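Notes follow once the structure below has been shown.
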Amino acid sequence: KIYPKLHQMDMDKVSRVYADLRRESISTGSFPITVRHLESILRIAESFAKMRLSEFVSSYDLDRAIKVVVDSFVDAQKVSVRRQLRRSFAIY
Amino acid sequence: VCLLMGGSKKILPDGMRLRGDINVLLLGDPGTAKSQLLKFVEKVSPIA
Amino acid sequence: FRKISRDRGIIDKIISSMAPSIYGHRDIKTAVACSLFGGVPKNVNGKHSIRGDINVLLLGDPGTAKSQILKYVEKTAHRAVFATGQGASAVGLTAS
Amino acid sequence: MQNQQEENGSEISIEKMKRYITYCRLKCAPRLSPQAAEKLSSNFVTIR
Ligand SMILES: Nc1ncnc2c1ncn2[C@@H]1O[C@H](COP(=O)(O)OP(=O)(O)OP(=O)(O)O)[C@@H](O)[C@H]1O
Ligand SMILES: Nc1ncnc2c1ncn2[C@@H]1O[C@H](COP(=O)(O)OP(=O)(O)O)[C@@H](O)[C@H]1O
Ligand SMILES: [Mg+2]
Ligand SMILES: [Mg+2]
C-alpha cells in the first residue's frame, strides 16, 4: 500500500551533487559516471522513504541514500584513485 | 523516423532483387540512452 | 504498524533486524534491507519504463558468510526462489 | 507535459503512430525525380 511521492521542491540539491560527482570522476581518471547512478539515487531514496510508511520523500532519506552509491563507487576503485576520491567526497 | 518507413522494394527482370531497408549502428560510450531507443522502437513498430 | 512507524530511526532498527546471526557487515545489511523493500515502477504515458527493484551483487573472499545471508533472505521473503550456478538444485535458469 | 500538449496537435500517440506507419508502409512506393538523380551522382564522386 505504500507508493511514496517525489514533490520537486527537493531538485536543487541533487542537480549540483551530480554535477560535482561528474566533474570529479573524469578528472581522477576512473570509471565514468552516467545517469544510472542518479536513477539509483532516486530509486533508493524511494525505499528509505517507504521505510517510514511516509507520504513525501524527505531530504533525510535522500542524504541517507547518497552514502550508499558514493561509497560503492569509491570502494570499487583502485588504491590510488580510491585515496584521491575518499578525500574529495568527504562531504557526502 | 526514416528507418521505420524503409526504402522502395524493386524487383528487376534480370532475376536480380534490389532490396529496400535501412541499417543503423549505434556505437558509443556507456549510459548514452541508446538502449532505450531500441526498447521504444520495439513498441512503436507493428512487427518487432 | 503505524505506531512503530512514528518512532524516529525505524531505519536503523530494520537494518539490525536483518541476518540476525552473522557478525558485522552493516553495509551489506543496509543493501539487503533496501532491496527487500523496493521502490516504485513507473510508466510515462505507456511509452517509457523505469524499473523499481534494486539489484545487489556480493563479491567476497572464501569464508565471509554470503550463503548465510542468501539463506536468510529466503526465510524472510514472500516470493523468493533459489538457484545454483555450479551445483545441484531443484530449479534451473533457462525456460524449456 | 505530454498528456497536455498531446491534445494540441504537437504530438501523435503510441497506437495512432503505429497505425500510421503501417498505413504509409502498405500504401505508397516513392520513385525519385530525374531532376535530382545527377545531384546524388555528383555528390558521390566528390565524396570519394
Ligand atoms: N562474518 C561472519 N560472521 C559469522 N559467521 C561467519 C562469518 N564469516 C564466515 N562465517 C561462518 O563461516 C562459514 C562460512 O561458510 P559459507 O559457505 O557461508 O561461506 P562463503 O563465503 O559463502 O563460502 P565460499 O565463498 O567459500 O563458497 C559459515 O559457518 C559461516 O556462518
Ligand atoms: N538523456 C537522457 N534522457 C533521459 N533519460 C536518460 C538520459 N540518459 C540516460 N537516461 C536514463 O538513464 C539510463 C541510461 O541507461 P541505458 O538506457 O541502459 O543506456 P545504454 O544504452 O548506454 O546502456 C536509462 O534508465 C535512461 O532512461
Ligand atoms: Mg544499452
Ligand atoms: Mg557458498
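The residues of chain C that appear here are 484-579 by Swiss-Prot count, in order.
According to its header, the structure was obtained by electron microscopy, 2.8 Å.
Backbone N, Cα and C define each Cβ position, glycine as well.
The ATP binding site annotation in Swiss-Prot covers C:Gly543, C:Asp544, C:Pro545, C:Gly546, C:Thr547, C:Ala548, C:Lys549, C:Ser550.
All chains included, 9 other C-beta atoms sit within 10 angstroms of the C-beta of C:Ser550 (ATP binding site). According to its DSSP assignment, C:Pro545 (ATP binding site) is coil. Proximity of the binding-site residues C:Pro545, C:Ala548, C:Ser550 to ligand 4, judged by a Cβ distance under 6 angstroms to any of its atoms, singles out C:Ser550 in sequence order.
A simple way to gauge crowding: the CB of C:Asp544 (ATP binding site) has 6 other CB atoms within 10 angstroms, across all the protein chains here. Same-chain residues at least 6 positions away in sequence with a Cβ under 8 Å from that of C:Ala548 (ATP binding site) are, in sequence order, C:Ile505, C:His508. For C:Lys549 (ATP binding site), the count of additional Cβ atoms within 10 Å of its Cβ stands at 16 [all protein chains shown]. Taken residue by residue with DSSP, C:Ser550 (ATP binding site) is part of a helix.
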